[PDB]
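All remarks here apply to the structure that follows.
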Amino acid sequence: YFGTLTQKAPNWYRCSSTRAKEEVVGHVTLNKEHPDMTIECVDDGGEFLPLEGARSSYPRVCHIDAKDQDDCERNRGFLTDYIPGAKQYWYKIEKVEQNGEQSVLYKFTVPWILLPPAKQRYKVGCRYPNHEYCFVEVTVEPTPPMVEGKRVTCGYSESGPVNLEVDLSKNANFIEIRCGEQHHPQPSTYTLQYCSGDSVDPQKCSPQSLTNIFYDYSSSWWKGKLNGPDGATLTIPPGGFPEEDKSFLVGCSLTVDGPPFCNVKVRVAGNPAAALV
């Protein structure tokens, strides 16, 4: 049931219902420099795979291991499970007529600031009523981990933990940490505990009380969830700062318990600063 897939440009593929003898699969990579892709389905008398997936208010995609059109569609996933915040209007759809050939063009663009914190793979393509199909696999590259001011955006890599450091002090007393809606906090008890070990890996975390770090500590100093849409914000009242410089580890895991990990070392400045003793 293989349709015939040809590449017209990087991230632009064309499928027709001409029966090919071997399965050819397209390969798209979406990142900041190449935030868009085009799927072109030839109408031989031209639907995006999965059917309706580029028109619906909840956009839908194939699992990356779908074996064919029916396997894809009977198991169709949600685009937002791969890219949080994805919207139908990230697709622009066009009918094109050329020299007696009708095709439909589905051009998908990810706003680059919304690239996910971990690499994702799904696939889409073209499908026909007689069950013919072409797959185009989509790799969505991640937003780099970063610390911008006091906002810490975690990220995940299979080639090792991500380590980020950020500062807290009396006069710059809040930080925001984002694990992403797809991921998970470490330790899970982070509003009460930090990792005294050298990783937020549950096997290495060695959770200890945040009363080791702050004075008059309260879990109420955290607002928002680490895996909520805006991450979690930790705000330290001025009296909360100890006399000594300190640090603690909090972070994120890809899955509830498992790697990759993102380790955020929060460096707490002692109060008073030496100038003001």
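By order in the structure tokens, chains are A, B, ...; within a chain, residues start at 1; ligands start at 1, following the order shown.
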Residues of segment 178-225 of chain A that have any atom at most 12 Å from an atom of segment 133-147 of chain A: could you tabulate them with the shortest-distance atom pair and the distance in Å to one decimal, using only C-alpha atoms, ordered by chain and increasing number, as JSON lines?
```
{"residue": "A:178", "atom": "CA", "partner": "A:145", "partner_atom": "CA", "distance": 9.9}
{"residue": "A:179", "atom": "CA", "partner": "A:145", "partner_atom": "CA", "distance": 10.1}
{"residue": "A:180", "atom": "CA", "partner": "A:143", "partner_atom": "CA", "distance": 10.9}
```
Excluding same-chain residues fewer than 3 positions from segment 30-34 of chain A, what lies within 12 Å of it counting only C-alpha atoms, as a tab-separated table (two decimals) with C-alpha atoms, in the first residue's frame?
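That gives us selection.tsv:
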```tsv
chain	number	residue	atom	x	y	z
A	9	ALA	CA	13.16	20.51	-0.71
A	10	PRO	CA	14.50	20.08	2.81
A	11	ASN	CA	11.38	19.48	4.92
A	12	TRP	CA	9.11	19.38	1.82
A	27	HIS	CA	12.39	12.88	7.23
A	37	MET	CA	7.67	21.71	6.93
A	38	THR	CA	5.37	21.03	3.98
A	83	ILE	CA	4.61	20.05	21.43
A	108	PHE	CA	3.27	23.39	9.45
A	109	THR	CA	5.19	26.05	11.41
A	110	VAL	CA	6.30	25.86	15.04
A	111	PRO	CA	6.81	29.22	16.77
A	112	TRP	CA	10.44	28.74	17.74
A	113	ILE	CA	10.00	29.83	21.38
A	114	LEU	CA	7.54	26.92	21.79
A	115	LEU	CA	9.94	24.16	20.76
A	116	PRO	CA	9.73	21.50	23.52
A	117	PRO	CA	12.45	20.97	26.15
A	118	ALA	CA	13.18	17.43	24.90
A	119	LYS	CA	13.49	16.06	21.37
A	120	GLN	CA	10.22	14.58	20.06
A	121	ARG	CA	9.38	12.32	17.15
A	122	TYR	CA	6.04	11.62	15.48
A	137	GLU	CA	8.68	11.36	10.09
A	138	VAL	CA	8.97	14.60	12.07
A	139	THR	CA	11.78	15.27	14.52
A	140	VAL	CA	11.10	18.27	16.75
A	141	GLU	CA	14.33	19.61	18.20
A	142	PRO	CA	14.34	21.10	21.66
A	143	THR	CA	14.63	24.61	23.08
A	144	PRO	CA	18.11	24.81	24.61
```
Quiz item: Residues at most 7 Å from residue 269 of chain A, counting only C-alpha atoms, excluding those fewer than 2 positions away in the same chain, as a list in words?
Solution: residues 168, 169, 244, 245, 246, 267 and 271 of chain A
Practice problem: Give the helix (DSSP H, G or I) residues of segment 43-249 of chain A, as assigned by DSSP on the backbone, as a list in words. | Solution: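 The helix (DSSP H, G or I) residues within segment 43-249 of chain A come out as residues 69, 70, 71, 72, 73, 74, 79, 80, 81, 88, 89, 90, 112, 113, 114, 210, 211, 212, 219, 220, 221, 238, 239 and 240 of chain A.
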Exercise. As number ranges by chain, list the residues of segment 69-154 of chain A assigned to strand (DSSP E) by DSSP on the backbone atoms of this structure.
Key: A: 77-78, 91-98, 101-109, 120-127, 133-140, 146-148, 151-153
Quiz item: With only C-alpha atoms as the atoms that count, which of A:272, A:50, A:161, A:125 lies nearest to residue 74 of chain A?
Solution: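 When distances to residue 74 of chain A are compared using only C-alpha atoms, the smallest one comes from A:50.
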Contact table segment 45-164 of chain A vs segment 199-221 of chain A, cut-off 12 Å, shortest pair per residue, only C-alpha atoms, as JSON lines:
```
{"residue": "A:160", "atom": "CA", "partner": "A:199", "partner_atom": "CA", "distance": 11.5}
{"residue": "A:161", "atom": "CA", "partner": "A:199", "partner_atom": "CA", "distance": 8.6}
{"residue": "A:162", "atom": "CA", "partner": "A:199", "partner_atom": "CA", "distance": 10.1}
{"residue": "A:163", "atom": "CA", "partner": "A:199", "partner_atom": "CA", "distance": 9.1}
{"residue": "A:164", "atom": "CA", "partner": "A:199", "partner_atom": "CA", "distance": 11.6}
```
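Of the residues under consideration (A:255, A:69, A:196, A:16), A:69 shows the shortest atom-to-atom contact distance to residue 131 of chain A when counting only C-alpha atoms.
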Self-check item: Distance criterion (only C-alpha atoms): nearest to residue 128 of chain A out of A:26, A:46, A:228, A:251
Solution: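 Counting only C-alpha atoms, the residue closest to residue 128 of chain A is A:46.
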Who sits within 10 Å of residue 256 of chain A, only C-alpha atoms, same chain under 4 positions skipped, as a PDB file with C-alpha atoms, in the first residue's frame:
```pdb
ATOM      1  CA  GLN A 182       5.564  16.984  29.673  1.00  0.00           C
ATOM      2  CA  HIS A 183       7.996  16.295  32.506  1.00  0.00           C
ATOM      3  CA  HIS A 184       8.413  15.937  36.252  1.00  0.00           C
ATOM      4  CA  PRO A 185       9.965  17.515  39.381  1.00  0.00           C
ATOM      5  CA  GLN A 186      12.938  16.143  41.305  1.00  0.00           C
ATOM      6  CA  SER A 188       9.012  15.140  44.001  1.00  0.00           C
ATOM      7  CA  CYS A 252      13.592  17.804  36.653  1.00  0.00           C
TER       8      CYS A 252
END
```
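Between residue 93 of chain A and the candidates A:60, A:47, A:78, A:132, the tightest atom-to-atom separation, counting only C-alpha atoms, involves A:47.
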